[PDB]
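# Per-entry structural report
The lines below spell out each chain.
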Amino acid sequence: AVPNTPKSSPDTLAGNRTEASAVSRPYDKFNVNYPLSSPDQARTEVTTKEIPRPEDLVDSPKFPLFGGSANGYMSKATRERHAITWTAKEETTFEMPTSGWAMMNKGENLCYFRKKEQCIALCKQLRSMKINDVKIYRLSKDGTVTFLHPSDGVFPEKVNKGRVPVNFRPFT
Amino acid sequence: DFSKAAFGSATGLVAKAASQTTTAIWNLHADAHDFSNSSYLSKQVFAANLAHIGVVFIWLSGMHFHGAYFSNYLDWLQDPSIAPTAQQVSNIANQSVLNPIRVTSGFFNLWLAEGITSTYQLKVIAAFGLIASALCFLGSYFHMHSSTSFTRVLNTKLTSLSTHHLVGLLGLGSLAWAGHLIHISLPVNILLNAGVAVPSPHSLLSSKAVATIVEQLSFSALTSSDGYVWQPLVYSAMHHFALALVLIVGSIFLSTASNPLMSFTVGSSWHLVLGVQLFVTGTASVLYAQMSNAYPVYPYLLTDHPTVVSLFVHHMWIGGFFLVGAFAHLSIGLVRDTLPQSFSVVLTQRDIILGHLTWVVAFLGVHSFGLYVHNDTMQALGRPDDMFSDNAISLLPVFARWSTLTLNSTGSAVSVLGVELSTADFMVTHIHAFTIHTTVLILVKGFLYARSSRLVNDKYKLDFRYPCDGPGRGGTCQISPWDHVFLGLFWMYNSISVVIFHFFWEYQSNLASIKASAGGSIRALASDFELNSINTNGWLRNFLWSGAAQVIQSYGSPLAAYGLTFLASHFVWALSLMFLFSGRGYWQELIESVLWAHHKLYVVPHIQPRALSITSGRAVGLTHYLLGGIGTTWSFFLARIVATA
Amino acid sequence: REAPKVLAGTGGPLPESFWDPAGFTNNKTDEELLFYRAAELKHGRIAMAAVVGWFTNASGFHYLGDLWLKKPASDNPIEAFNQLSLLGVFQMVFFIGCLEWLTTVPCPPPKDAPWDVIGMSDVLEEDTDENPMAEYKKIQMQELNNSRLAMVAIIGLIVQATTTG
Amino acid sequence: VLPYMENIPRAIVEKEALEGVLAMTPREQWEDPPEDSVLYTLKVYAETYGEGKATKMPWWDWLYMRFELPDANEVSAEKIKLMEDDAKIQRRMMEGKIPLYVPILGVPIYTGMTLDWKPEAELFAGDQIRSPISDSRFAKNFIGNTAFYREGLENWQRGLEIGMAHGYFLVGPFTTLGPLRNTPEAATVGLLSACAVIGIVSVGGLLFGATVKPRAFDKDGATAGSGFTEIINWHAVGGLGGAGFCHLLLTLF
Amino acid sequence: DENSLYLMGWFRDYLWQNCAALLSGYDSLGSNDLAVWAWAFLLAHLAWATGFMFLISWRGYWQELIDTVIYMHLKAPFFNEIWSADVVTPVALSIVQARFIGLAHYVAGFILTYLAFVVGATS
Ligand code: CLA
Ligand code: CLA
Ligand SMILES: CC1=C(/C=C/C(C)=C/C=C/C(C)=C/C=C/C=C(C)/C=C/C=C(C)/C=C/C2=C(C)CCCC2(C)C)C(C)(C)CCC1
Ligand SMILES: CC1=C(C/C=C(\C)CCC[C@H](C)CCC[C@H](C)CCCC(C)C)C(=O)c2ccccc2C1=O
Ligand SMILES: CC1=C(C/C=C(\C)CCC[C@H](C)CCC[C@H](C)CCCC(C)C)C(=O)c2ccccc2C1=O
Ligand code: SF4
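Residues numbered from 1 in each chain as written, not as in the entry; some residues may be left out. Chains lettered and ligands numbered in written order. Part of a larger assembly, values for the part shown. Heavy atoms only, no water. Residues with missing side-chain atoms left out of burial classes, pairs and counts.

The deposited coordinates, according to the entry record, derive from cryo-EM at 2.90 Å resolution.

Residues and elements named next belong to chain A. By the criterion of burial, strand β1 (residues 81-87) is predominantly enclosed, with six of the seven residues buried. When β1 meets strand β5 (residues 135-139), the two strands line up antiparallel, connected through five bridges. Looking across to β5, one finds that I84 is bridged to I136. Of the strand pairs in this sheet, β1 and strand β4 (residues 108-113) are connected by six bridges, and their pairing is antiparallel. Its bridge partner lying in β4, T85 is registered against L110. (Buried < 20%, exposed > 50% of the residue type's maximum accessible area, 1.4 Å probe, protein only. Helix = DSSP H or I, 4+ residues; strand = E, 2+ residues; numbered from the N terminus. Pairing = 2+ DSSP bridges.)

Turning our eyes to something else, we now look at the packing of helix α11 (residues 266-294) of chain B against helix α12 (residues 305-335) of chain B. Residue and element names in this part refer to chain B. Relative orientation of the contacting elements α11 and α12 amounts to 160 degrees, with a least axis distance of 7 Å. In terms of orientation, α11 lies roughly antiparallel with respect to α12. Between α11 and α12 lies a crossing whose hand is left-handed. The residue inventory of the contact of α11 with α12, partitioned by class, reads 19 nonpolar, 16 polar and no charged. (Axes fitted to C-alpha atoms, helices over the stretch in contact; angles between N-to-C directions. Parallel < 35°, antiparallel > 145°, perpendicular 65-115°, else oblique. Left-handed = near helix turned anticlockwise from the far one by under 90°. Nonpolar A, V, L, I, M, F, W, Y, C, P; charged D, E, K, R; others polar.)

Side chains that differ in sign of charge can pair as their charged atoms come close. Inspection of the entire model under this criterion finds 40 salt bridges over all chains. Residues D28 of chain A and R25 of chain A are paired through a salt bridge, measuring 2.7 Å at the closest nitrogen-oxygen approach. Since its relative accessible area comes to 37%, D28 of chain A is described here as partly exposed. Among the salt bridges present, the one from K42 of chain C reaches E100 of chain C, with a minimum N-O distance of 2.7 Å. (Salt bridge = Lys/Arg side-chain N within 4 Å of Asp/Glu carboxyl O.)

Before going further, it helps to examine the site of ligand 4. Residues and elements named next belong to chain B. In the vicinity of ligand 4, the contacting residues are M578, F579, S582, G583, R584, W587, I591, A611, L612 and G617. For ligand 4, an oxygen atom lies 3.4 Å from a polar atom in the backbone of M578. Within the backbone of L612, a nitrogen or oxygen atom sits 2.6 Å from an oxygen atom of ligand 4. Among the secondary structure elements, those contributing two or more residues to the shell around ligand 4 are α19 (560-581) and α20 (584-600). Among the elements that take part in the shell around ligand 4, α20 stands out by supplying three residues, more than any other. Of the residues belonging to the shell around ligand 4, the class tally is six nonpolar, three polar and one charged. (Near = heavy atom within 4 Å. Polar contact = N/O pair within 3.5 Å; in protein donor to acceptor, adjacent residues only side chain to side chain.)

It is worth spelling out helix α9 (residues 186-211) of chain D at this point. All names here are of chain D. Compared with the 38 Å implied by 1.5 Å per residue over 26 residues, the 37 Å span of α9 between its first and last C-alpha is a close match. Restricting attention to buried positions, one finds in α9 the residues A186, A187, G190, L191, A194, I198, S202, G205, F208 and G209. On its buried side, α9 packs onto α7 (155-170), α8 (172-175) and α10 (226-251). Where α9 terminates, the next one or two residues include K213, which has phi positive at roughly 55 degrees. (Expected span 1.5 Å × (residues − 1). Contact = heavy atoms within 4.5 Å.)

A word on the pairing of strand β1 (residues 99-104) of chain D. All names here are of chain D. Here five bridges tie β1 to strand β2 (residues 107-114), and the two strands are oriented antiparallel to one another. For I104, the partnering residue across the bridge sits in β2 and is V107. Where β1 hands over to β2, the hairpin turn is made up of two residues, of which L105 adopts a positive phi near 60 degrees.

This part is about the arrangement of the chains. Most contacts, among the eight pairs of chains that meet, fall between chains B and E. In this view chain A stays clear of chain C, with the nearest C-alpha atoms of the two still 11 Å from each other. Nothing in chain C touches chain E; the tightest C-alpha to C-alpha distance between them is still 17 Å.

Printed below as a string of structure tokens:
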């Protein structure tokens, strides 16, 4: 719909969001190994086939029982998306990070959010409800998927091998 | 045992080293009535309510005691035009100037409406009020310590509670008051207005008095019963009888089988009930404030102008405070509930509702204050014909000037209440609407963005009252529902201050206009409000600066107390500015230096001095701001309306 | 004789009370019967609004015309309309013409429901048995019954006036 | 059922009341109800009273029990369980289709229609929600047929139409409600002011096209913001035209 | 020498007394040469209270409100095609910026109020 959402594609409305962020904010860049801490840290790779962009999913079976809300991300106004892929043991209710309530599926579940903070809040809520394997992904403008949160497979609360200290200052 | 547990909070405070700080004391005060969720929460709430009822009974007993002993109530009965004073002031220091304090609470008019003619009756009422307070304290004790859990009253026994309140409390109280009116408040006022002496009130319940002296049931009695001070009591008695009948009939003719609190926890249910109750009480207070001067109901009430002004302003302030507290407790109930799925439609239309209200507030503010600033600019530029006034571009409130309808045996209130409105009324009413909308915007935003928001996505994990989430995301200060209530209290203060300013200026303008003389019948505009309340300069000159002469020239007069409270209110209001503008960290470092000074002299307090927390500092600043502003308006209004009326 | 199934139990003394006592339904295609329902609903909505306008004009709530005439307008809605300047009457005609144009050229109504000029059938689901609060057919019948009643009520008002005063 | 909910005397609780309490309480909640639940107090009174247990109780304790326990009708009536089941089915459905209330006199009044609030394309999109004001066919074909969106219109046509509308509107609030209201040249001054406002907003639109370059109207190839800039230029032209037409209709007639 | 001992003197005889002519800069009767200074008096009070706004209310509230306003803009017709909030994103003033701007309004109203009062009193 044209009054509900702008008629132009998100890329058309974005204009030159890239090549201007590199100019407006030349400091805003990710390090060579963003989700991880060391170059030799496996760096599991996922593609759009595994976690597709939300505009390519309509009535997906992995979506939870969500009725839609005005508090979701800005389609056609933002292109970055964060996705959560967690597997349930039973169908129960949970709070969406954007307010409102959704009901989890019996098996696989998949949600899309704009900010990573919403995904991390949902992960905290789910882990408080005894849920493992909560994987958080990031969707870029061109569809490249970056795997986040349990980046090396082990949650950051638990120390794991192969994790080089970062921003560690050897004094008080 | 119980005495040991009375200071149990202090014992717990000193038990752990983490609670050996002044911040622990301030938390102990802030979390005093915040009854935590437990098996005895409902007992605690009900007992606290009964204790408050006992406190109010103590207050009523004290007021009747002052009326009995420290008031010129009998002299006021002999001459209602005299100043009602009910607070003697002893000769200590040098305060003897204000020894008779003109009380403006309307207790004299109330007691006259109750048929009270002797100070012995006031003594009896004070004694029975003390007895009732003692009974309420006994009942509150009992319920807190030995009674039912009361946990079923809001979910299970809500039908019984609502039906009892509908029939017994409300209807039977209205019926009993109608009986009291008809039997002792009408006859006593008849015998006082006629000046034929008043017998004992019980002698009116004899079936041989005027009840059977004449059986005529209309406006005809001994000699000539033409007292118009008496008719409002007749109308009140008829209203109470009709209200009792309709309440009793409709209570049994109502479903009442719909409790929306099934999905809420007991604590959240209590908070939501408190919020809706506060909304109802606040709107009732505002309605009574309007109706007090809209309709005469107490004997010799309209004549006593300070009483009318005080009743209006006090009830407007109480209504505004309770309306804000309504949204405060709605936010508390929403954020403290585990599964508050009931507000799903509004939490999913969060941004839609908030943004439409934002546009409404922006539109109203720009339009109303732009009318005011445009009038200011045009009058400054010497362009009175370009202003917004009756002699210029006229913003006549047409929707106000129509209430005509088919009669069907009606009268009086079938019109605009016999008052014509002008451009000034239109503009000030739109200012009122805008300020109310902004207060509602802040409160509704606090309610909606209570569990989550686009900025912080786990605000429900932060509970109701938190200072911030941090300086991140650009800064997240004042996101809590508590902080939204904190800002909404300022905007309620602004709204109610403008409302009472409008009422006070209109009241003084009407008093001056009716003081035409008798021959002067072209009031033109005159109507100082209608002619000058169109500019901000008009207000600042002809209302604030003009009426401040009474309160600032009160030294050496009985209103010197009002002058001193005016000054103290300004002082407290600037101290509020101190608390609101500053921050916790600086004061913490200052206290660190002061505490070093203490340690240098072996003083070393162990309750470690900590400055007020961020939320505590905001609350102290808001309390001082409200106190200072409301006290300034209180002193100003009372001095102006007592000296000049 | 039963309903033509394109109307399908949508009126009468009861909802399934196909009432036509004139043969205005037989041998008529579904488009024509949909047109009949659209005309009935438009006439209704216009009436239902006109009755409220009449009773709010005959009750003294006649601003915007109190100001235009610069004097209190007549309570009688026919005389009140006659008091209006031809500029105002033709402005009303032009606005209704613009509204009718809107619902034909740029915003044509749904083919299967020409009465749905707002296109409400694109956001509402239906009345279903899983819905405990399903009342869409009930509110459709409320609209139709109040439409049919106000269609004769407004004529009663108009012909009662201008012939009795 | 559970052993303690068997042969409970009517004095403690009615049979219908017990059935209603069980109906409104989750099945897993039994055998260990929470302290604040009705079922917990009903259980506590179920023991120590009935069959071989204590058959009598003091009057004060009887009053306590009566206050703390339901009384079947109007509290645990079958209609109340029906309403609770309806409410839970409603909340299940709103995760999906939402019933439509409208706030009338400040209180939400149910209409009878149920919306499709769930977005058509992206479930978690915050701006793809469906409302009759923004998703009904009238809205789609009204905003879609406006000059800014109407199919078959060149950029200059959109600009000209929007400008004509804006210019004809803007002459209004200036001829009357202005400094030179009661003057013979009120219409001319209003026309000049409307043309000035059209020019200022057109300069603003040119500024937007030069800075943001919206690119939503550009044809193939071309340059970023060419379509929007053409729209704004023809909006200026149409604004002048519509303002002149309004001034003409004011001077005449 | 007598009324400066007590602060009600500082109000009545200084501020309330010396504002009599300034407020009459413009009224229903007309406007004189002090009209500009009464207008500046009001303007300075307005600036001072806007500083009150920036000092009392802090960021988070305003950031959420601005987020909702951005939602209204992005959902508004005829403008989502043109403004995607990517260019000069509207965010609430930072805490330091807000404190400075509130202080600036406070002192601007301070200076202009006292200048207008001095002119209206010593004219
Ligand atoms: C029926 C009325 C009512 C009731 C029963 C409650 C009950 C409650 N409120 Mg509440 N509230 C109300 C009205 C009410 N409120 C209104 C009208 C407002 C808007 C102003 C609020 C705003 C509000 C906020 C913002 C908060 C509460 C909170 C609370 C809870 C804890 C209260 C506490 O510990 O305070 C203890 C008692 C005090 C702090 C009293 C101290 C004195 C106050 C601050 C100033 C009084 C100054 C005085 C009038 C002037 C002095 C005289 C002068 C001459 C010197 C409790 C459930 C808190 C909570 O967490 O809830 C869960 C909370 O954060 N309320
Ligand atoms: C916001 C409140 C407000 C309002 C309503 C007015 C109104 C007015 N001012 Mg004014 N003014 C204000 C604030 C306001 N002022 C302030 C704060 C100042 C101080 C800077 C001034 C300073 C000022 C001066 C110095 C002068 C005026 C003048 C005027 C008059 C002519 C203005 C003009 O040309 O209109 C321009 C109007 C428009 C361009 C139209 C805007 C409004 C349209 C109709 C909105 C439509 C929205 C639409 C319905 C949306 C839905 C569309 C959808 C259905 C498709 C007019 C009576 C002049 C005068 O003397 O006249 C008496 C004049 O010389 N003003
Ligand atoms: C009332 C109403 C409405 C509506 C509103 C509106 C929106 C209005 C508007 C209106 C308008 C707004 C209109 C307009 C018109 C315009 C015109 C009419 C124009 C014209 C122009 C022209 C014609 C021009 C021409 C030219 C050119 C083109 C250029 C050159 C020059 C010339 C001049 C040639 C609604 C539905 C909402 C609802 C309620 C009712
Ligand atoms: C001053 C100040 C403090 C310091 C306040 C403290 C340490 C409170 C302690 C003050 C004492 C308790 C004052 C005691 C009362 C006074 C002596 C006045 C009352 C009695 C007189 C009238 C006689 C804060 O902690 C703070 C925190 C956040 C924002 C702003 C501020 C702030 O402005
Ligand atoms: C009102 C308010 C805002 C909102 C105010 C904002 C966002 C600034 C207002 C901008 C004014 C209205 C000008 C808007 C832009 C103009 C068109 C000028 C543009 C100038 C640039 C081109 C340089 C805050 O961001 C804030 C932050 C922290 C504490 C308190 C507050 C606060 O009180
Ligand atoms: S200034 Fe204070 S309230 Fe604001 S973010 Fe920083 S610590 Fe929190």
